[PDB]
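Heads up, the thing below is written out as structure tokens.
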Amino acid sequence: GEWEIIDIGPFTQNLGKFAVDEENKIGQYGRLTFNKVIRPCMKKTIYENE
Amino acid sequence: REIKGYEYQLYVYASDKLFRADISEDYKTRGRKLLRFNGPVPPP
């Protein structure tokens, strides 16, 4: 429904370190190390009764 | 209510290559998965 470009701060780089960590474990790309995040970062808001 | 959860679509430089991940996040347990990950893609 709604989307937004959120700031590239600490809560956004946690989302990045987490990503990489979970994929270090799937390693389709091996054993990568997290660098940082660039923009834009986006965020979707999901909703649904039925 | 209505709001289920969220979804982040970052651009992550890791091992000096740009990848693009999508993290799901539950609007209640605030827990999250690593829905997807690709690349390298180019700078946006």
Side-chain angles (χ1 to χ4, degrees):
Chain A
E2 296 269 301
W3 304 68
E4 23 171 320
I5 311 189
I6 63 162
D7 208 0
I8 262 323
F11 156 88
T12 311
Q13 311 275 327
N14 293 178
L15 282 174
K17 176 85 181 171
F18 159 92
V20 155
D21 285 356
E22 300 265 285
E23 162 91 356
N24 268 324
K25 189 194 295 192
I26 227 159
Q28 276 236 242
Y29 306 84
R31 306 224 68 132
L32 314 137
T33 68
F34 185 70
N35 251 249
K36 80 174 64 169
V37 172
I38 47 51
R39 320 131 76 215
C41 175
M42 305 279 315
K43 172 196 197 162
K44 176 163 148 77
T45 289
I46 310 159
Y47 331 60
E48 182 191 22
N49 204 93
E50 35 245 67
Chain B
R1 177 189 70 297
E2 295 293 313
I3 171 185
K4 279 208 187 305
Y6 306 103
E7 263 200 61
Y8 312 84
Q9 314 194 338
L10 316 321
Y11 275 79
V12 201
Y13 263 78
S15 296
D16 279 80
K17 299 156 68 154
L18 205 354
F19 314 84
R20 138 68 188 144
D22 298 13
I23 301 98
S24 168
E25 167 167 303
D26 201 334
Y27 182 59
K28 290 143 197 170
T29 93
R30 200 108 298 156
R32 46 255 209 142
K33 304 128 229 296
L34 147 40
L35 263 45
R36 74 222 55 166
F37 210 96
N38 292 123
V41 284

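Reminder, nothing fancy here: chain letters follow the sequence lines and each chain counts from 1. Values reported hereafter were calculated over all heavy atoms of this structure, with side chains retained and with hydrogens, waters and symmetry mates removed.
- In this structure, OG1 on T45(A) lies 6.0 Å from OH on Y6(B), to the nearest 0.5 angstrom.
- Hydrophobic clustering (ILVMFWY, side-chain heavy atoms < 4.5 Å, transitive): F11(A) and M42(A) are in distinct clusters.
- Both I6(A) and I3(B) belong to a common hydrophobic cluster when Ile, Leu, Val, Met, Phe, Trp and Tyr are linked at side-chain heavy-atom distances under 4.5 angstrom.
- Ranked by heavy-atom pairs shorter than 4.5 Å toward chain B, the options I26(A), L15(A), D21(A) are led by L15(A).
- Note: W3(A) CH2 to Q9(B) CD = 5.0 Å, rounded to the nearest 0.5 Å.
- When each of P43(B), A21(B), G39(B) is scored by its heavy-atom pairs under 4.5 Å with chain A, the top score falls to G39(B).
- Taking CG of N49(A) as the reference point, atom NZ of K4(B) lies at 7.5 Å (rounded to 0.5 Å).
- Interface remark: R36(B) contributes no atoms to any contact with chain A (heavy atom separation under 4.5 Å).
- Scanning both residues, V20(A) and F37(B), for their nearest heavy atoms gives N-CE1, 3.9 Å.
- Taken together through direct or relayed side-chain contacts under 4.5 Å among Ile, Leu, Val, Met, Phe, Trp and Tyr, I46(A) and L10(B) form parts of separate hydrophobic clusters.
- Under a hydrophobic clustering in which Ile, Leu, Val, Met, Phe, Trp and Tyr are joined whenever their side-chain heavy atoms come within less than 4.5 Å, directly or via other members, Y47(A) and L35(B) fall into different clusters.
- Residue contact with chain A, scored on non-hydrogen atoms closer than 4.5 Å, involves the side chain of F19(B) exclusively.
- Counting all heavy atoms, side chain and backbone alike, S15(B) lies closest to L32(A) at OG-CA, 3.1 Å.
- How far CD1 of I8(A) is from OH of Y11(B): 12.0 Å, rounded to the nearest 0.5 Å.
- To the nearest 0.5 angstrom, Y8(B) atom OH is 8.5 Å from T12(A) atom OG1.
- Proximity to chain A is absent for every atom of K17(B), based on heavy atoms less than 4.5 angstrom apart.
- If you tally non-hydrogen atom pairs under 4.5 Å between each of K33(B), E25(B), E2(B) and chain A, the highest count goes to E2(B).
- Contacts of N38(B) with chain A are made by both backbone and side-chain atoms, with heavy-atom separations under 4.5 Å.
- For the pair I23(B) and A19(A), the tightest heavy-atom approach, listed with the atom from each and the gap, is CD1-CB, 4.4 Å.
- A distance of 10.5 Å separates CG in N35(A) from CG in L18(B), rounded to the nearest 0.5 Å.
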